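Summary of structural features
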Amino acid sequence: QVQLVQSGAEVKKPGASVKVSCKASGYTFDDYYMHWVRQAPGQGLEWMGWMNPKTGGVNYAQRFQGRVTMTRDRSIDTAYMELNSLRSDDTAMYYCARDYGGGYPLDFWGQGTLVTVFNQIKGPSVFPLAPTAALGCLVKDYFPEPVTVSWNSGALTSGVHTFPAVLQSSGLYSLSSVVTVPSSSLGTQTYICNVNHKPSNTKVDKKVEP
Amino acid sequence: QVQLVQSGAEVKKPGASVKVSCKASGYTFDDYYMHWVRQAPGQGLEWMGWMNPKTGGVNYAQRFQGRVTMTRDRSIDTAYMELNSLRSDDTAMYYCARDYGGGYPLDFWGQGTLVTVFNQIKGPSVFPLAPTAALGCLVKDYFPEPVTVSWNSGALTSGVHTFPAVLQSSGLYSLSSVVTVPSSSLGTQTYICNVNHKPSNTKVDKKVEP
Amino acid sequence: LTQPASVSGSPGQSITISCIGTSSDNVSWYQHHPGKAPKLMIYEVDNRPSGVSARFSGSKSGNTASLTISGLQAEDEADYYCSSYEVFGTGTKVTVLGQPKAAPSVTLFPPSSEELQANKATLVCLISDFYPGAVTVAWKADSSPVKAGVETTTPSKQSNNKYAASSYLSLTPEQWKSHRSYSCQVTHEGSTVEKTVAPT
Amino acid sequence: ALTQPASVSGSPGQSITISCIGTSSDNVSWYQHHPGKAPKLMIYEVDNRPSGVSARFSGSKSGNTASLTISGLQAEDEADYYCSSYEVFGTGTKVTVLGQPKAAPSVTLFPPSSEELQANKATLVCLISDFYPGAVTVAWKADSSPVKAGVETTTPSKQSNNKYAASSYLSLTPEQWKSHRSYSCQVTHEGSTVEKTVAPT
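Per-chain numbering applies: from 1 upward along each written sequence, possibly unlike the entry's numbering, with residues missing coordinates excluded. Just so you know, chain letters begin at A and ligand numbers begin at 1, following the order they were written in. Values shown for side chains rest on all heavy atoms present in the structure; no hydrogens or waters enter the calculation. Residues with missing side-chain atoms are left out of burial classes, side-chain pairs and their counts.

Header annotation of the entry names X-ray crystallography as the structure determination method and lists the resolution as 3.06 Å.

1. Topic: the packing of aromatic side chains
Stacked, tilted and edge-to-face pairs are distinguished by plane angle, under 30 degrees for stacked and over 60 for edge-to-face with tilted covering the rest, among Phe, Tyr and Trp rings (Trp via its six-membered ring) whose centres lie within 6.5 Å. Scanning the entire structure with this criterion turns up 24 aromatic pairs over all chains. Geometrically, the ring pair formed by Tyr132(D) and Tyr164(D) is tilted, given 5.9 Å between the ring centres and 50 degrees between the ring planes. In this pair, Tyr132(D) is assigned in the loop between β10 (122-131) and β11 (137-142) and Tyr164(D) in strand β15 (residues 164-172), connecting sequence segments 32 residues apart. For each residue, the accessible area found with a 1.4 Å probe, counting protein chains only, is set against the maximum for its type, and the residue is called buried under 20%, exposed over 50%, and partly exposed in between. The exposure class of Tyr164(D) is buried, given its relative accessible area of 16%. Among the aromatic residues, those joined into a ring-pair cluster are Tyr95(A), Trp109(A), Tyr31(D) and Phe89(D). Whether a charge lies above a ring is judged from NZ of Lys or CZ of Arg, which has to be within 6 Å of the ring centre and within 35 degrees of the ring normal. The ring of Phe64(A) carries the charged tip of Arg63(A) above its face, separated from the ring centre by 5.4 Å. Seen from the ring of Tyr32(B), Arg98(B) lies directly overhead, with NZ or CZ sitting 4.5 Å from the centre. Strands are runs of DSSP state E lasting at least 2 residues, helices are runs of H or I lasting at least 4, and numbering of each runs from the N terminus.

2. Looking at the interface of chain D and chain B
How big an interface is tends to be expressed through the accessible area that disappears when the partners come together. Pairs of residues are marked as contacts when any of their non-hydrogen atoms sit within 4.5 Å. Contact with chain D, which involves 20 residues of that partner, is made by 25 residues of chain B. Note: buried area is the sum, over both parts, of the accessible area (probe 1.4 Å) each one loses when the two are combined. At the boundary of chain D with chain B, total buried surface from both sides reaches about 1700 Å², with 64% on carbon and sulfur atoms. Summed over the three residues of chain D that lose the most area to chain B, namely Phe110(D), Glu152(D) and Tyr169(D), the buried surface amounts to 33% of that side. By convention in these notes, a salt bridge is any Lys or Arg side-chain nitrogen within 4 Å of a carboxyl oxygen on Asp or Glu. Remark: the boundary between chain D and chain B carries one salt bridge.

3. Some words on the domain arrangement of chain D
Segmentation of chain D into domains returns domain 1 (7-96) and domain 2 (106-198). Here domain 1 of chain D and domain 2 of chain D have C-alpha centroids that lie 40 Å from each other. A domain assignment, automatic or from a database, supplies the domain bounds used here.

4. A look at the pattern of salt bridges
Throughout the structure, instances matching the rule amount to 23 salt bridges over all chains. Ionic contacts of the salt-bridge type, sharing partners, join the residues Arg38(B), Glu46(B), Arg63(B), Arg67(B) and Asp90(B) into one network.

5. A closer look at the sheet that holds strand β20 (residues 202-208) of chain A
Residue and element names in this part refer to chain A. Pairing between two strands requires that DSSP report at least two bridges joining them. Pairing within the open sheet is antiparallel, and its three strands lie in the order β15-β19-β20. Edge positions in the sheet fall to β15 (148-151) and β20, since each has one partner strand and no second. Sheet twist, expressed as the average angle between the axes of neighbouring strands with direction ignored, equals 20 degrees. Inspection of the sheet shows β15 paired to strand β19 (residues 191-197) by four bridges, in the antiparallel sense. From the neighbouring strand, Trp151 faces β19, where its bridge partner is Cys193. Only C-alpha atoms enter the line fits that serve as axes; for helices the fit covers just the stretch in contact. Angles between N-to-C directions range over 0 to 180 degrees.

Structure, rendered in structure tokens:
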């Protein structure tokens, strides 16, 4: 029988590092590649990479290069996967899976681990939304609610609609606020969005221009 | 025309104080009482109290006594409602409405003010749940997720069910974990529940007894 | 006070709102449209304020007061609270069912130049002014449906009794410039509306 | 981008098929994933079966679209099913099996603890579990008169035994806990109601 046992579930702060172990039994650990796959919160399976145990060569996905390092210890037939600078998105289920030969037929998945990355106080990232025309400001990746957006320091109140926030899979909030202005004043009057996030003590002014 | 203009929307930290203005125009400010009514975050209206502007006497609801200070400035015909040490439950819409006599025809309700009290990183208040029987622990008022619960330093793992947390009106989380043990061992072996809330760095142990 | 959690009907159904546990005399009703302060509908039992419609009428049956609306107009949907002395009711979610359907309005924004200067690329697809509140959002990259990194909020009430929702697509800057256009498709009551943006 | 249906429903013997749109020729793999345990491979390449897997699972390819046919939906074969062509998997399909044995709920109610009462707080915890399906109504009564304020109920969720559990919390001041005679938690499930009553002893 072939068994793969993974480390215990861990909860980590953002910016910390988590190393998940994966001990192999019932087969020669060197003769098969070891892939690592996520599950994401409510999303689908995601391929992280693979590591040749016999030589140590590692291949990583283009979205994880520079953040993930896969090592192994042949003395105890175990593999490792480490994530550095954990983000709010990184909370997921991490599985180690054995590759039968080349290509990509998968054989076993072990048990999986839960690496929960809790949310911290974060300031929003405010970006413009270039353009009767509509222009606005994007308020992305802030925690927790609420945020306050005022245009031209409260002077512009007509045609302003600030849509309710969305709870992303990471757990952070994102919000948008757009205003409706005549098309003849685009290159004429500046439109500034004043965003306030008191929980993070963040006051930001951004200029919306075409 | 009779109008009641209220102050702007305010966001406050827990423990802070908020004062809401209500300036009356178009009628004699002295001849009519001024009530203050909440809306709650998605719940129904909730009466706080009423104030006599002619005499200065006030009457508060039993659940707000010692917390709300209603005062008026008859010079400019304005009424004020002050909430001291805002809790996470205090995020709601606040309205001022005028009335008279024992009857309650609250004719004008002003405009309203949105007071938002953001959730803070708080550790859980662990309480015991005294009792084939079942005993457990209450994990109340923690934010944000997650919390880890173990019994007897992980020695007890049979018949343990840690229910998913509930998102209350305040925005905090409450969770419960229980263990099922034979009824003959209540007076023989103790029971300790260990609750971990890493975001607030809280580790608490409690003993559950009948 | 005890009130129904929600009542349902249609234009002309004329649903009556119950108010259990009230004492004799001095019963008032309030209509609260979200986003605005509530207004008085019934003075005491059956009286009406000047300027309010006669379509709203109140009555009392000794121990329980009630409010009758002769015709459920498309304008008259709100939370209703009956108050005896200084305590209101539970709140009735008075919803309609025969209302005309309103097609959604979709606005799509490509990732900003500033955001692209931080290795981030997000597409904002804002939906507004649609009834009822049920829209399906699908993203397509040059016709290929894409689901990874899509966050769509649940629809919410506006100040004009219509619904609004927002859909976001998180992308890396490399995959934003590789495709020729990204499309936000929103389907509402069978009729779909589509907006496309390009790296320009 | 391999596209799978969001969810599929059936019953014993329904014999539903899961579609895997957008797959290339050859090298199509299917994985069955019961949450809380590692996913297990079911189909190697289009139609091959690992030793020890059930013949109930068979795969096929209709030119460009892969598919996973199950001969008869057993009440156990409920899970998320993913199709992978090389390293990228599908959206995932929520397989739900119907006609499953309905289970009566089990309810435990705890009065406010002594420590919590010494904090001017009072919480009643009504914990429900081991009921199928996950459709229950929780009502709080105080001396026969229902109470609605200060009630927060979580949505029922899957357990480790494929049954549903939900928890309900009633928040009160200490004065109203002692003044009343008994607070009761009533949960209705498929036409039968289960009641648990506590009091200030």
